[PDB]
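The chain below stands alone, shown as structure tokens; this is the form deposited in one PDB entry.
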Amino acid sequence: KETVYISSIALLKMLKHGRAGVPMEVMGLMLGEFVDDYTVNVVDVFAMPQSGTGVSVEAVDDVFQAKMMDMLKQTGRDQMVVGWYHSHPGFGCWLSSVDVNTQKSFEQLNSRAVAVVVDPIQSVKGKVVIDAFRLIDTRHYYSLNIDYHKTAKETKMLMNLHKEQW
């Protein structure tokens, strides 16, 4: 109330993508399900290509998106777009004027859409800089709590990274 649950691959993909795009902003779509009114589940994400005109509605390439969505469907991933993520490399997590316009477009498609913002430069070991937003219902925005969903199998798989530590 309200909470966005972000899965393991989703977080890692957002960090990986944000870091790779530095010093430019990057953007992509979040997949999952609206569980109830107070709960969004992000199970996966995919990157959108860089476009000249920055991170805006114009960078949402709906051909690429439709193609990706279709190919994901063929391999067992048929989750709804539940929002979008983008990076603010070095300048923290919030929504600019343009970001609010983009979020509004996602809101018109689906009133439950969530905007996730990550800072790949200020994200360091022991501190992930990230936040989730919706627009106030009729233009200000508010933060949602972010939690991480993680199965027992995922936890065990993660434990292989620095094994001699567990």
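Position 1 is the first residue in the sequence shown; the rest follow in order. Rigid core here is just the name for the largest C-alpha set that superposes within 1.5 Å across the two forms.
There is another form of the same protein, the form deposited in another entry; it is not shown, and what comes next is about it.
Exercise. Please find the residue from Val129, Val60, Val43, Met69 showing a Cα shift of 2 angstroms or more between this form and the one not shown, rigid core superposed.
Key: Single hit from the list, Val60.
Quiz item: Between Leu15 and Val57, do the C-alpha atoms lie closer or farther in that other deposited form than in the shown form, with a difference of 3 angstroms or more?
Solution: Between the C-alphas of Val57 and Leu15, the gap narrows in that other deposited form (3 Å or more compared with this form).
Quiz item: Closer or farther: how do the CA atoms of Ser56 and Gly83 lie in that other deposited form, compared with the form shown, if the change is at least 3 Å?
Solution: Relative to this form, farther apart in that other deposited form.
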